[PDB]
């Protein structure tokens, strides 16, 4: 529900740990989940992009939700990534995730690849919102999907009772507009770490974050500053925060965040093809820049999920 999510400020988009072997590392999950709740994660998004959802099987996403809900045991609310670029597959998975339980909302991306029109997107998300007990949060991101929902289409959807929010990654003009015209019980999250500062100042509810894995504190610190009206501290953190965000996305994500989470001892392991891990030479620069660690280095292989 909107209620479960309402107070969230730092929703983390949780990675999927893997072994050298390509299988999921369910073992590394407990320590990672603890680290997040220790470093100001308000809520967890499961099986999103950062989780390499395109490469997780149906049954693997189900394993992941059980494994994380066991280890979170109710402590923060959760959102499941449910949408694909097929409306029927999205209807089926969400009704299924409604049954499964433990989620405050299903997240549904604007369809990638097939490039639907605004009416197409409207009828898409309506059908997914219609389908299930689980309300929906729309993830609008032309930087990954080419097309986008316009604010007008988005606010058409926001009126659906079962559509409770948006993870918006367009422009701060668009974001301003959405915050300005939102109906009630409708939540506006930036999905851009490097904008979170501006989105919060403008009246957004929060961030659905990658950088929260490795810089959750300084992000907390900046948000508290906005809330406690210390704009000088908030902007100082923001100015030093931007180059970290850029390093975390300087190779295709979640490669940079996994490499940092690997240095930090969390065995995030590699990425499943078609993603490959960050090159060693980038790996050192990145750890230095994002967590001011020193990486004592030593061509790079992505992994496939077991054939068997």
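Residue numbers count along the first chain shown, from 1.
Asker: Taking the mean of the C-alpha B-factors per stretch from the entry, tell me the winner out of 287 to 295 and 15 to 23.
Answerer: Comparing 287 to 295 with 15 to 23, the higher average CA B-factor belongs to 287 to 295.
Asker: If you take the mean CA temperature factor per stretch, which one wins between 196 to 204 and 225 to 233?
Answerer: If you average the C-alpha B-factors of 225 to 233 and of 196 to 204, the larger mean comes out for 225 to 233.
Asker: For the listed 243, 256, 279, 54, which has the peak Cα B-factor recorded in the PDB entry?
Answerer: Of 243, 256, 279, 54, 279 has the highest C-alpha B-factor.
Asker: Highest Cα B-factor in the PDB entry belongs to which of 45, 264, 248, 275?
Answerer: Out of 45, 264, 248, 275, the record gives the largest C-alpha B-factor to 264.
Asker: Would you please rank residue 30 by its C-alpha temperature factor against the other modelled residues of its chain and give the third it falls in: lowest, middle or highest?
Answerer: It belongs to the highest third of the chain when residues are ordered by C-alpha B-factor.
Asker: Using the B-factor values recorded in the entry, state whether the Cα atom of residue 186 falls in the lowest, middle or highest third among the modelled residues of its chain.
Answerer: Middle third - that is where residue 186 ends up once the chain's C-alpha B-factors are sorted.
Asker: By the record's CA B-factor, is residue 112 among the lowest, middle or highest third of residues in the chain?
Answerer: Bottom third by C-alpha B-factor.
Asker: What third of its chain's C-alpha B-factors does residue 126 belong to: lowest, middle or highest?
Answerer: It belongs to the highest third of the chain when residues are ordered by C-alpha B-factor.
Asker: Can you tell me which third, lowest, middle or highest, the CA B-factor of residue 210 falls into for its chain?
Answerer: It belongs to the lowest third of the chain when residues are ordered by C-alpha B-factor.
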